[PDB]
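Everything in the sequence shown is counted per mature numbering (1 follows the signal peptide of the UniProt record, and there is no 0), starting at 7 for the first residue and increasing by one. C-beta: ideal position from N, C-alpha, C; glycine also.
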Amino acid sequence: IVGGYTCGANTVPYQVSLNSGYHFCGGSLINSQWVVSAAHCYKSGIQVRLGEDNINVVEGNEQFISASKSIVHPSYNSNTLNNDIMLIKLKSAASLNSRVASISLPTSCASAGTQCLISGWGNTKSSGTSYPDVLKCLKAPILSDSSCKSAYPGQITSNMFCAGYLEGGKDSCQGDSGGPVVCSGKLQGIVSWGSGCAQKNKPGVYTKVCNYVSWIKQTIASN
Ligand SMILES: COC(=O)C[C@H](CCc1ccc(C(=N)N)cc1)c1cccc(C(=N)N)c1
């Protein structure tokens, strides 16, 4: 997260870190046994880490649970990043409390101008590199699809939205991938892609979760 603030330990209780020996992507706990992330975060040997603040220090609230299966969206295209979404089932159900809670799926899509909270442990610089140990947060509005398409000619599909600031300076980044965009108490987006980070006229592009709610509900009902 470039240009954000320190969340505060366990203030974003649905945030997960995906670990394969190290943090490589974020994710969102949507129920006691399922996490949503970006399909571009797929790999084997994922351990889901819940209840994290400092991902390098065991501080007491963590639950480390291995994934039993992962399901990449049937129509995911890695070249265009269309349908960039994936479900991960936990080997055991998490224990849900105040510090570890699920986030609700949307009943409807969010409108341009809606304020959102994006979080993750990704890079905090646009040109340089510096990875935080603790969780970073950013409030950012959903942009109009017109401005989104103007910024990224020929690249924005119906399964994508932009959020952030056209002036730059504030954005998600590498390492934040797969993580939550929560608006109005609902998971509306997944950190997906962008040109660089926090560059002028290049906002963050996010998987449009409201388009996938049926697929998500149907998949977890049979798996
Ligand atoms: C699918 O992945 C991507 O699009 C990658 C890309 C980051 C590439 C990058 C890597 C390192 C650095 C740096 N060290 N300063 C900067 C940019 C990316 C990933 C997630 C969000 C955003 C976003 N703009 N919201 C951008």
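Check: Per-residue burial, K131 [other beta carbons within 10 Å of its own, 16 or more giving buried]; Outcome: exposed
Check: Span of the beta strand (DSSP E) around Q21; Outcome: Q21 to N25
Check: 8 Å Cβ cutoff met for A44 and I109; Outcome: no
Check: Extent of the continuous beta strand (DSSP E) to which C189 belongs; Outcome: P186 to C189
Check: Contact set for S34: own chain, Cβ-Cβ below 6 Å, skip 5 residues either direction; Outcome: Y20, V42, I109, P186 and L193
Check: Nearest-angstrom beta carbon gap, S76 and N89 [assumed within contact, 8 Å]; Outcome: That belief does not hold up - the Cβ atoms of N89 and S76 are roughly 15 Å apart, past 8 Å.
Check: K176 in three-state terms, based on DSSP; Outcome: coil
Check: Distance between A146 and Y11 (C-alpha atoms, nearest Å); Outcome: 12 Å
Check: Cα-Cα separation between residue 4 and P159, rounded to whole angstroms; Outcome: This structure gives no information on residue 4, because the portion of the chain shown stretches from 7 to 229.
Check: Local conformation of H46 per DSSP, three classes; Outcome: helix
Check: Cβ neighbour criterion (16 or more within 10 Å) applied to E173; Outcome: exposed
Check: Enclosing alpha helix (DSSP H) for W199 [first to last residue]; Outcome: Careful: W199 lies outside any alpha helix (DSSP H), inside the beta strand (DSSP E) at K192 to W199.
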